[PDB]
Amino acid sequence: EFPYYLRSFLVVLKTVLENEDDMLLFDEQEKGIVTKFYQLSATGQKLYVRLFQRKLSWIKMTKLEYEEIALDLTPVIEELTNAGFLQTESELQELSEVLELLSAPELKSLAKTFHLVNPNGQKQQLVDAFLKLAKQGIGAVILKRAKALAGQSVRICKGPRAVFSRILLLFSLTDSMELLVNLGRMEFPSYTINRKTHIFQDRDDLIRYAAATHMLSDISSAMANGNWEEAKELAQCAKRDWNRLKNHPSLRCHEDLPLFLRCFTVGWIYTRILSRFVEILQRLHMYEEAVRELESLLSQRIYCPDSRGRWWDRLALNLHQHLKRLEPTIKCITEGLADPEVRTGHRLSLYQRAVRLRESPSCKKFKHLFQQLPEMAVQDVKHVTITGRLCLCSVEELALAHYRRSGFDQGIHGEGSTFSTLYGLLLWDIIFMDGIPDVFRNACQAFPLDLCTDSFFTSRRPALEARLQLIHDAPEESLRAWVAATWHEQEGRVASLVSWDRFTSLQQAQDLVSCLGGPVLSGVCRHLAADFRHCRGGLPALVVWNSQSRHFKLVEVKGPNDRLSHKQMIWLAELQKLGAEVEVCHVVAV
Amino acid sequence: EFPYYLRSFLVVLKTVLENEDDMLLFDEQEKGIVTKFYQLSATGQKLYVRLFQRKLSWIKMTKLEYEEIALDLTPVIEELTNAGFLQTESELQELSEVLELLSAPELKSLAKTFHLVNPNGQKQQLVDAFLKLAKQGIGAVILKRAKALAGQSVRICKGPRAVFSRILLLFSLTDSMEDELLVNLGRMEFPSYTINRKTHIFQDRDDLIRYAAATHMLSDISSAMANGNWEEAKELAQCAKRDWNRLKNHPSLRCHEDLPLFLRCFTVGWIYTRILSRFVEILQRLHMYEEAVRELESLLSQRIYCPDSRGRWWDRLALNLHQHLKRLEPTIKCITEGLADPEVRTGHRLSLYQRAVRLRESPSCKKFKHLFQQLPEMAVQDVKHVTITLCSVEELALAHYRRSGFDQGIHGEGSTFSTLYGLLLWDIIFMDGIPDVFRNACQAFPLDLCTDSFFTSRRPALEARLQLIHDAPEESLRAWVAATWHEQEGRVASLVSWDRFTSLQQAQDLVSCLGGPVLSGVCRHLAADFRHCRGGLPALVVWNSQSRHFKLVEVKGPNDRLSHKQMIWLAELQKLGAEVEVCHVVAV
DNA sequence: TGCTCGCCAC
DNA sequence: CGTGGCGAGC
DNA sequence: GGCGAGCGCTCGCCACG
């Protein structure tokens with residue numbers, strides 16, 4: 001009677017409409033459109049939302065079926081059309097739009113009808129042949145005959161759609177760079193909402209934000225399908241639209257935001273776009289151009305500081321191998337090493353490349369450029385080998401089976417989620433504490449907005465310092481009981497850090513915290529609090545333990561062609577320093 | 001002083017009364033009613049007809065205004081009541097009947113009176129609330145209070161009304177299903193022919209009555225559908241469906257099967273078949289494609305009624321399976337049986353074939369290849385399309401061709417050619433000696449017009465006239481047209497639009513441009529297959545009156561697409577050497 | 001084919 | 001001020 | 001041709017920056 005998708009859509013509208021500063025990002029005609037939506041019948045509201053969730057494009061009216069709403073949708077379509085929310089095929093005026101709507105057999109059929117050569121050609125080829133054929137006019141005729149085949153067709157009008165689209169964005173900004181159906185059914189974590197800052201300066205700021213989003217979505221799509229040439233041109237235009245925008249007043253206010261909010265601005269999105277542009281240029285072998293763009297990204301310090309390590313490291317790689325330019329390479333590593341935002345994984349990666357360069361014929365002469373190098377070296381781990389199966393049932397599953405043979409009856413393979421879940425269970429009320437401005441912006445967040453930022457720790461330092469000492473010296477019964485508290489009071493609530501299914505039971509989690517002990521846990525929680533983005537990624541694939549003796553090993557698992565990455569090497573050593581027993585398990589090919 | 005509606009009503013009575021066998025389809029009291037009507041006063045006759053043309057429903061006497069009948073209608077009402085033609089509110093005893101008679105203020109007023117919750121509700125909601133409330137009776141009280149509001153009121157008595165109703169039907173059978181007696185009657189001059197009865201259409205008085213009630217039901221259902229009342233339309237059809245199978249092998253049907261096709265359309269079974277055919281459209285509007293298909297298979301499983309419709313049926317059946325149902329092999333079977341069926345005329349045939357080609361040529365259907373082997377190679381040629389950028393979509397096209405040098409032009413659709421056909425072949429279309437096509441003096445067309453036997457019954461005269469037209473020089477064409485025009489202008493023929501041409505001269509100029517071969521071709525198609533020919537003809541005919549260049553144009557705006565029939569006829573005209581075009585108007 | 005719009009005697 | 005929710009007429 | 005109704009959308013009022 002009152003279905004989930006509508007309920008969830010109604011919640012979102014209510015929230016955004018409630019907030020006056022958000023409403024300042026719409027002009028009067030746009031506000032009027034939301035009003036008009038509210039004026040629609042309930043059957044009208046249902047159809048619009050079912051169409052708004054669909055791909056923005058025409059759909060066949062005989063494929064519309066929502067029996068619970070109306071047996072025959074025609075008069076509802078009519079209402080939505082009269083109100084300016086939907087169009088019918090009367091407004092189908094682009095040949096490409098209609099050619100996009102037709103299936104393959106149909107397109108083929110139409111092709112034979114017009115005596116189109118090579119009709120067996122793939123859809124893009126057919127569409128292009130028709131369109132070219134129209135450039136002999138004839139286009140109008142191909143159009144009408146296609147529409148006859150399509151039958152009655154409807155599309156959401158793009159004006160109103162983009163309004164709701166930007167409202168969506170405003171409601172959940174952290175999903176933009178990451179609609180979700182389950183919303184009616186998911187239980188969210190507890191916290192008190194506390195909003196303090198305007199994120200978007202104005203209507204136009206939102207619109208530029210939205211267009212950046214769609215571009216990023218376009219480019220991503222192209223890359224996924226191996227269309228790197230198309231991906232490049234779209235990126236180059238996007239690149240042009242960004243420089244053509246840098247000048248705008250709203251950016252000045254974005255630059256004033258702390259990092260964990262700054263990620264929800266137009267500029268941050270284009271920076272992400274530029275970062276993918278780097279990968280695209282390389283796939284296309286344009287290593288020269290990739291390098292200037294990298295130097296450009298690295299020359300500014302407002303956006304994506306978290307990414308700098310990835311950038312420096314790729315820049316060096318392109319110089320060292322792609323460009324073979326040895327002295328700027330050394331320069332790069334030294335600046336990179338000097339960059340305080342680079343976390344230890346990429347740092348180790350950069351250094352490792354310096355050593356490599358300082359020790360081959362190529363670089364004997366530049367000896368005086370290598371003096372600044374710190375002697376940051378990383379400890380040795382214990383290494384075993386096992387045989388594989390296949391060409392593979394999951395490497396990790398094979399490892400797990402072997403350690404169960406070696407007397408480790410318990411074992412988990414959540415990667416970073418293992419520890420991050422324990423972190424979550426031990427520090428829940430601090431992660432979600434009140435008094436920290438702007439970290440909670442709606443009641444449907446899975447995490448504080450500053451979580452993956454340096455200011456997470458600095459903003460909760462007193463509480464964090466007191467909790468980490470309390471864990472470090474906590475008795476085993478304390479550890480188990482703290483975990484149980486959070487587990488019992490929060491189980492099911494959706495927290496991005498926590499995997500409610502990672503452990504088979506509270507008891508398993510209690511047994512694990514007992515084996516790890518307070519000192520280790522404290523060490524791990526400190527690193528995650530202090531530097532979450534970097535820390536989360538280098539954690540061992542596996543934890544296995546003997547439930548009687550509480551002997552445990554934290555295992556990184558490596559098949560053929562699999563080798564420790566820099567981050568993983570930095571973390572295995574750190575764990576080893578906390579006295580935890582660590583191992584690298586290699587599966588060998590069968 | 002003697003108005004059209006009465007004149008026309010008098011003609012209808014005259015015609016039916018004239019035929020003694022038709023009069024046998026009423027009993028004595030019913031005949032007596034018609035006598036009493038003729039007994040009724042001239043002011044009386046006027047009021048009765050004005051009320052007979054209204055819905056069968058109560059009317060307030062204080063809402064009656066007909067100064068042309070009487071300044072005070074009270075005694076006229078009284079005459080009609082005493083004679084048993086109207087009933088007054090003394091016989092108003094049904095709650096629903098009275099609740100249907102009240103307007104909005106009144107229903108609201110009554111609502112306050114009985115302490116109804118929401119007297120501000122809409123009328124139908126109030127009517128329904130009162131009627132439910134009456135299901136507790138208290139009906140009598142709601143009735144009297146409603147009548148107090150209505151005032152003095154009358155309704156046409158249903159017995160006598162149904163007699164006149166069947167008389168009307170007998171006069172003009174092709175008005176009965178028309179929805180899916182006419183006014184001029186005193187003033188229209190009808191074509192010449194000889195009156196010719198040879199078959200009884202109705203086996204008995206009862207068969208006629210069942211026929212008439214089927215007609216009214218079909219008319220009811222059709223009305224509902226037209227208003228988008230598809231749910232009510234469905235129920236009505238379901239009942240009608242029940243009444244037909246409830247009757248099926250009844251004695252009267254045997255005699256209906258004996259009738260030639262052009263009378264068979266005036267029998268109960270044919271009407272229910274039409275009803276079931278609307279049933280198909282209803283089920284599809286309701287998306288009930290499963291149920292639609294059994295009904296189609298059922299209508300196609302009998303071959304006594306509506307062979308004209310078989311093409312529509314086959315084609316819809318194929319589409320429903322091919323789309324939505326997606327059941328590929330029976331679809332192919334269906335199309336092939338359809339294509340095999342000699343009743344299917346060329347428009348739907350083309351439509352069926354088109355669908356076969358589509359199915360025969362996609363990966364989904366490679367395997368069924370052995371089911372396509374019988375396929376005849378009936379193909380229809382591709383025509384040329386031009387485009388230009390409301391006002392008059394037809395009017396815009398007309399203006400454009402005037403700019404392109406075609407100073408004359410007619411937005412005539414099929415009536416343009418059908419009118420020319422009429423003017424060139426009138427005396428043969430209406431020639432004497434052909435049994436059963438002319439049954440009374442008030443027909444607008446021969447009864448066999450829409451039937452196979454139209455052509456076969458006039459074949460020798462047609463063959464000789466079509467050859468004569470094929471070789472006719474301009475001057476012959478102009479002269480023949482003028483002859484018929486001058487001797488028949490004004491006569492009501494359904495084929496002929498006396499206003500389609502601006503003048504005789506325009507029609508003569510057009511026949512001069514078309515020439516004999518084209519005209520011959522057109523007349524042959526219309527004679528051979530009139531129903532199908534009439535519908536597919538181009539929206540426009542435009543011509544240059546000096547050079548006699550003409551173009552036949554079909555016009556398509558946004559959301560406007562060539563139908564199968566139109567594609568078949570553009571090709572045919574092109575084959576006769578006429579220049580044809582499809583003109584698309586694109587949005588500005 | 002736009003279109004806001006639904007019938008009832010003339 | 002400027003804005004837009006927002007409740008009575010054609 | 002007559003309208004009997006339905007009925008969804010402007011114009012002012014207030015609040016809220």
# chains A, B, ... in the order shown; residues from 1 in each chain; ligands from 1

call {"tool": "interface_residues", "arguments": {"of": "chain A", "to": "chain E", "cutoff": "12 Å", "atoms": "only C-alpha atoms (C1' of nucleotides)", "output": "number ranges by chain"}}
result
A: 19-24, 36, 39-41, 79, 82-83

call {"tool": "write_last_selection", "arguments": {"atoms": "C-alpha atoms", "output": "PDB file, in the first residue's frame"}}
result
ATOM      1  CA  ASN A  19      16.732  22.951   5.549  1.00  0.00           C
ATOM      2  CA  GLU A  20      16.672  26.571   4.422  1.00  0.00           C
ATOM      3  CA  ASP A  21      20.344  26.844   3.388  1.00  0.00           C
ATOM      4  CA  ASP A  22      19.970  23.876   1.060  1.00  0.00           C
ATOM      5  CA  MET A  23      16.912  25.537  -0.428  1.00  0.00           C
ATOM      6  CA  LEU A  24      19.092  28.528  -1.319  1.00  0.00           C
ATOM      7  CA  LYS A  36       4.415  20.710  -8.574  1.00  0.00           C
ATOM      8  CA  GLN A  39       0.808  18.452  -6.207  1.00  0.00           C
ATOM      9  CA  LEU A  40       0.803  15.221  -8.214  1.00  0.00           C
ATOM     10  CA  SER A  41      -1.588  12.420  -7.444  1.00  0.00           C
ATOM     11  CA  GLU A  79      -1.010  13.567 -15.943  1.00  0.00           C
ATOM     12  CA  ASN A  82       0.576  17.707 -18.799  1.00  0.00           C
ATOM     13  CA  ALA A  83       2.488  18.677 -15.672  1.00  0.00           C
TER      14      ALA A  83
END

call {"tool": "select_by_dssp", "arguments": {"residues": "range 180-399 of chain A", "states": "strand (DSSP E)", "output": "PyMOL selection string"}}
result
chain A and resi 382-387

call {"tool": "atom_distance", "arguments": {"atom1": "CA of residue 387 in chain A", "atom2": "CA of residue 406 in chain A"}}
result
14.9 Å

call {"tool": "interface_residues", "arguments": {"of": "chain A", "to": "chain D", "cutoff": "9 Å", "atoms": "only C-alpha atoms (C1' of nucleotides)", "output": "MDAnalysis selection string"}}
result
chainID A and resid 28 31:32

call {"tool": "write_last_selection", "arguments": {"atoms": "N, CA and C atoms", "output": "PDB file, in the first residue's frame"}}
result
ATOM      1  N   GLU A  28      13.709  30.011  -8.100  1.00  0.00           N
ATOM      2  CA  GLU A  28      12.250  29.941  -7.863  1.00  0.00           C
ATOM      3  C   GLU A  28      11.518  28.953  -8.761  1.00  0.00           C
ATOM      4  N   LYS A  31      12.367  25.471  -7.350  1.00  0.00           N
ATOM      5  CA  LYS A  31      11.580  25.231  -6.165  1.00  0.00           C
ATOM      6  C   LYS A  31      10.128  24.909  -6.544  1.00  0.00           C
ATOM      7  N   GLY A  32       9.598  25.680  -7.497  1.00  0.00           N
ATOM      8  CA  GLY A  32       8.245  25.461  -8.017  1.00  0.00           C
ATOM      9  C   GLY A  32       8.026  24.082  -8.589  1.00  0.00           C
TER      10      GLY A  32
END

call {"tool": "interface_residues", "arguments": {"of": "chain B", "to": "chain A", "cutoff": "9 Å", "atoms": "only C-alpha atoms", "output": "list in words"}}
result
residues 285, 286, 287, 324, 357, 358, 361, 362, 363, 382, 384, 385, 386, 387, 388, 556, 558, 559, 560, 561, 562, 582, 584, 585, 586 and 587 of chain B

call {"tool": "interface_residues", "arguments": {"of": "chain B", "to": "chain E", "cutoff": "12 Å", "atoms": "only C-alpha atoms (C1' of nucleotides)", "output": "ChimeraX atom specification"}}
result
/B:102-105,121-124

call {"tool": "write_last_selection", "arguments": {"atoms": "C-alpha atoms", "output": "short mmCIF file (atom, residue, chain, number, x, y, z; two decimals), in the first residue's frame"}}
result
data_model
loop_
_atom_site.label_atom_id
_atom_site.label_comp_id
_atom_site.auth_asym_id
_atom_site.auth_seq_id
_atom_site.Cartn_x
_atom_site.Cartn_y
_atom_site.Cartn_z
CA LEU B 102 -31.24 14.64 -9.05
CA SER B 103 -28.64 17.33 -9.80
CA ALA B 104 -25.87 18.34 -7.41
CA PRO B 105 -27.47 20.94 -5.17
CA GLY B 121 -19.03 14.74 -1.53
CA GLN B 122 -19.36 14.39 -5.31
CA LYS B 123 -22.73 13.38 -6.76
CA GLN B 124 -21.90 9.81 -7.64
#

call {"tool": "atom_distance", "arguments": {"atom1": "CA of residue 283 in chain B", "atom2": "CA of residue 334 in chain B"}}
result
19.5 Å

call {"tool": "atom_distance", "arguments": {"atom1": "CA of residue 244 in chain B", "atom2": "CA of residue 212 in chain B"}}
result
13.4 Å

call {"tool": "interface_residues", "arguments": {"of": "chain C", "to": "chain A", "cutoff": "10 Å", "atoms": "only C-alpha atoms (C1' of nucleotides)", "output": "PyMOL selection string"}}
result
chain C and resi 1-4

call {"tool": "closest_atom_pairs", "arguments": {"of": "chain C", "to": "chain B", "cutoff": "10 Å", "atoms": "only C-alpha atoms (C1' of nucleotides)", "output": "tab-separated table"}}
result
residue	atom	partner	partner_atom	distance
C:1	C1'	B:559	CA	7.0
C:2	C1'	B:390	CA	7.2
C:6	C1'	B:227	CA	8.8
C:7	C1'	B:227	CA	9.9
C:8	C1'	B:54	CA	7.1
C:9	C1'	B:54	CA	5.8
C:10	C1'	B:50	CA	8.7

call {"tool": "select_by_dssp", "arguments": {"residues": "range 44-281 of chain A", "states": "helix (DSSP H, G or I)", "output": "PyMOL selection string"}}
result
chain A and resi 44-52+61-63+74-82+89-91+95-101+104-113+123-133+139-150+158-171+173-175+181-184+203-224+228-243+249-256+259-262+266-281

call {"tool": "write_last_selection", "arguments": {"atoms": "C-alpha atoms", "output": "compact mmCIF listing (two decimals), in the first residue's frame"}}
result
# COMPACT_ATOMS: atom_id res chain seq x y z
CA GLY A 44 1.64 10.09 -10.28
CA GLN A 45 4.28 10.25 -7.59
CA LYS A 46 4.81 6.48 -7.75
CA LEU A 47 5.33 6.35 -11.54
CA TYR A 48 7.68 9.32 -11.51
CA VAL A 49 9.93 7.74 -8.88
CA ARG A 50 9.86 4.33 -10.66
CA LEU A 51 10.99 6.15 -13.81
CA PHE A 52 13.42 8.45 -12.03
CA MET A 61 5.13 2.10 -22.81
CA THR A 62 4.06 -1.50 -23.31
CA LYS A 63 6.95 -2.58 -21.07
CA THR A 74 -1.86 5.86 -19.96
CA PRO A 75 -3.84 8.39 -17.97
CA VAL A 76 -1.05 8.62 -15.36
CA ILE A 77 1.52 9.24 -18.12
CA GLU A 78 -0.95 11.84 -19.36
CA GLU A 79 -1.01 13.57 -15.94
CA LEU A 80 2.79 13.55 -15.73
CA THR A 81 3.06 14.86 -19.32
CA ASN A 82 0.58 17.71 -18.80
CA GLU A 89 7.30 10.09 -28.35
CA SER A 90 6.02 13.47 -29.61
CA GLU A 91 9.22 14.86 -28.12
CA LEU A 95 17.46 9.79 -34.33
CA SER A 96 20.16 8.49 -31.97
CA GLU A 97 17.74 8.59 -29.01
CA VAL A 98 15.27 6.26 -30.78
CA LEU A 99 17.94 4.05 -32.29
CA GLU A 100 19.16 3.58 -28.70
CA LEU A 101 15.73 2.33 -27.64
CA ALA A 104 19.02 -5.87 -31.99
CA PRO A 105 16.64 -8.04 -34.01
CA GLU A 106 14.46 -4.92 -34.49
CA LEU A 107 17.39 -2.76 -35.56
CA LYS A 108 18.37 -5.51 -37.97
CA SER A 109 14.79 -5.73 -39.27
CA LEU A 110 14.66 -1.98 -39.83
CA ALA A 111 18.03 -2.25 -41.56
CA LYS A 112 16.75 -4.78 -44.09
CA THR A 113 13.66 -2.57 -44.60
CA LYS A 123 24.44 -2.08 -33.10
CA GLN A 124 26.85 0.81 -32.92
CA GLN A 125 27.67 0.08 -36.59
CA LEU A 126 23.98 -0.06 -37.59
CA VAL A 127 23.17 3.14 -35.62
CA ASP A 128 26.08 4.87 -37.32
CA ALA A 129 25.16 3.54 -40.77
CA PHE A 130 21.57 4.80 -40.35
CA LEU A 131 22.72 8.19 -39.16
CA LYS A 132 25.23 8.51 -41.96
CA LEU A 133 22.67 7.24 -44.48
CA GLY A 139 16.51 11.16 -41.61
CA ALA A 140 12.88 12.04 -40.88
CA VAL A 141 11.74 8.86 -42.68
CA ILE A 142 14.11 6.58 -40.85
CA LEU A 143 12.85 8.30 -37.68
CA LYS A 144 9.14 7.65 -38.27
CA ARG A 145 9.63 4.04 -39.27
CA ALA A 146 11.81 3.38 -36.18
CA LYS A 147 9.15 4.96 -33.95
CA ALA A 148 6.50 2.75 -35.58
CA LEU A 149 8.63 -0.23 -34.53
CA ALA A 150 9.37 1.11 -31.03
CA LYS A 158 15.65 16.10 -18.00
CA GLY A 159 15.06 19.46 -16.32
CA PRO A 160 12.99 18.11 -13.40
CA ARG A 161 15.07 14.93 -13.25
CA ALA A 162 18.26 16.93 -12.70
CA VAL A 163 16.60 18.82 -9.85
CA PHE A 164 15.84 15.62 -7.95
CA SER A 165 19.26 14.44 -8.96
CA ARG A 166 20.98 17.34 -7.22
CA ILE A 167 18.67 16.94 -4.21
CA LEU A 168 19.83 13.31 -3.97
CA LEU A 169 23.41 14.48 -4.07
CA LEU A 170 22.79 17.00 -1.31
CA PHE A 171 21.30 14.35 0.93
CA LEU A 173 27.39 13.50 -0.52
CA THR A 174 29.54 10.50 0.48
CA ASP A 175 27.68 8.33 -2.06
CA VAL A 181 17.26 0.10 -2.36
CA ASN A 182 17.65 -1.45 1.09
CA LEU A 183 17.13 1.92 2.79
CA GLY A 184 13.64 0.96 3.95
CA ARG A 203 22.41 26.83 -7.18
CA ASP A 204 25.21 27.05 -9.77
CA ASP A 205 27.77 25.42 -7.45
CA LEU A 206 25.44 22.44 -7.10
CA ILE A 207 24.94 22.31 -10.88
CA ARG A 208 28.68 22.39 -11.56
CA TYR A 209 29.11 19.69 -8.89
CA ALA A 210 26.46 17.54 -10.59
CA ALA A 211 27.98 17.92 -14.04
CA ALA A 212 31.38 16.93 -12.72
CA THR A 213 29.76 13.84 -11.18
CA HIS A 214 28.16 12.79 -14.47
CA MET A 215 31.39 13.30 -16.36
CA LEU A 216 33.27 11.12 -13.84
CA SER A 217 30.56 8.56 -14.28
CA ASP A 218 30.89 8.77 -18.06
CA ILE A 219 34.68 8.41 -18.08
CA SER A 220 34.51 5.53 -15.62
CA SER A 221 31.99 3.74 -17.80
CA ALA A 222 34.20 4.12 -20.89
CA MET A 223 37.34 2.82 -19.13
CA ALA A 224 35.41 -0.18 -17.81
CA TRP A 228 40.14 4.29 -23.60
CA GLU A 229 40.22 6.58 -26.64
CA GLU A 230 36.67 7.79 -26.04
CA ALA A 231 37.54 7.91 -22.32
CA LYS A 232 40.44 10.24 -23.10
CA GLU A 233 38.51 12.80 -25.14
CA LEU A 234 35.72 12.99 -22.57
CA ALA A 235 38.39 13.49 -19.89
CA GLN A 236 40.07 16.21 -21.95
CA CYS A 237 36.79 18.10 -22.23
CA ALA A 238 36.13 17.61 -18.52
CA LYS A 239 39.65 18.82 -17.99
CA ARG A 240 38.74 21.93 -20.02
CA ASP A 241 35.50 22.54 -18.15
CA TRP A 242 37.43 22.48 -14.85
CA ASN A 243 40.03 25.12 -15.80
CA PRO A 249 33.61 32.39 -6.46
CA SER A 250 32.28 29.19 -4.93
CA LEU A 251 35.64 27.46 -5.06
CA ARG A 252 37.15 29.93 -2.63
CA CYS A 253 34.70 28.72 0.01
CA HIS A 254 35.41 25.07 -0.82
CA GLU A 255 39.12 25.64 -0.17
CA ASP A 256 38.28 26.83 3.35
CA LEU A 259 39.61 17.97 4.26
CA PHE A 260 36.82 15.60 5.32
CA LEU A 261 34.17 17.99 3.98
CA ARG A 262 36.29 19.33 1.11
CA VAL A 266 33.13 20.36 -7.23
CA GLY A 267 36.92 20.85 -7.26
CA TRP A 268 37.63 17.64 -5.33
CA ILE A 269 35.58 15.69 -7.85
CA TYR A 270 37.49 17.15 -10.80
CA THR A 271 40.72 16.32 -9.02
CA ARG A 272 39.53 12.72 -8.81
CA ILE A 273 38.68 12.98 -12.48
CA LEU A 274 42.21 14.23 -13.25
CA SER A 275 43.61 11.35 -11.25
CA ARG A 276 41.84 8.80 -13.43
CA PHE A 277 43.04 10.81 -16.41
CA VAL A 278 46.56 9.84 -15.39
CA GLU A 279 45.73 6.12 -15.60
CA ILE A 280 44.08 6.63 -18.96
CA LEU A 281 47.05 8.46 -20.47

call {"tool": "decode", "arguments": {"residues": "chain D", "atoms": "C-alpha atoms (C1' of nucleotides)", "output": "PDB file, in the first residue's frame"}}
result
ATOM      1  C1'  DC D   1      13.689  42.460   1.209  1.00  0.00           C
ATOM      2  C1'  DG D   2      13.256  38.589  -0.712  1.00  0.00           C
ATOM      3  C1'  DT D   3      11.588  34.360  -0.596  1.00  0.00           C
ATOM      4  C1'  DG D   4       8.582  30.741  -0.895  1.00  0.00           C
ATOM      5  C1'  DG D   5       5.159  27.981   1.606  1.00  0.00           C
ATOM      6  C1'  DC D   6       0.364  27.945   0.941  1.00  0.00           C
ATOM      7  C1'  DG D   7      -4.797  28.102   0.917  1.00  0.00           C
ATOM      8  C1'  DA D   8      -9.503  29.897  -2.086  1.00  0.00           C
ATOM      9  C1'  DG D   9     -11.309  30.627  -7.449  1.00  0.00           C
ATOM     10  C1'  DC D  10     -12.285  28.941 -12.957  1.00  0.00           C
TER      11       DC D  10
END
